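For reference, the chain that follows is the form deposited in one PDB entry, supplied as structure tokens.
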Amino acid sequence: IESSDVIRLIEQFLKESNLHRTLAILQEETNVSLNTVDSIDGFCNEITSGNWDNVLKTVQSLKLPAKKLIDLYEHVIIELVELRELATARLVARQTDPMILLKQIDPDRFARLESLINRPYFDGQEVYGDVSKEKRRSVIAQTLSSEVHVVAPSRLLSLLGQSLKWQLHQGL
């Protein structure tokens, strides 16, 4: 007899079958969720390409702990103030779990982030001078790549295929 593992098998099946509605209700009702990404490349690429809305939604979906996300969320804010999305930058700084944590453990570091947001303009030559934008994005992607797990596609159907092969064998 298998346990919660059956549910994750089903969840993967639902995602690949585009049954996202059923997938949503299942995760809520069972208190079990997919801890997987389609590919490590694809996940890291989003960070490398700077598509922050995608990576933020993704990491929150995987429910990674706040401590691992502190570097990522800090950089997201730096790029947001760079794009002069000050309202959004402040929003990330005020409401998100990693930033609330950052304030608690390293208030000095949070304070520097506070000052960066409040500067009359963003000078990338000053901010990125020690370590470039590309390097910061690359480092965050590398560390996070070990924190996400990929599973083989269609695990449920593969297992069911094995069931059929067993039955053909056992029929003899």
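From 1 onward, residues are counted along the sequence shown.
The following text describes the form deposited in another entry, which does not appear among the structures shown.
Each of 71, 103, 151, 56 but one sits over 12 positions from any hinge; the one at the hinge between the rigid parts between this form and the one not shown is 151.
Three angstroms is the minimum change: in the other form, the CA atoms of residue 29 and residue 95 sit farther apart than in this structure, by 3 Å or more. In the other form, the Cα-Cα separation between residue 24 and residue 46 grows by 3 Å or more relative to the displayed conformation.
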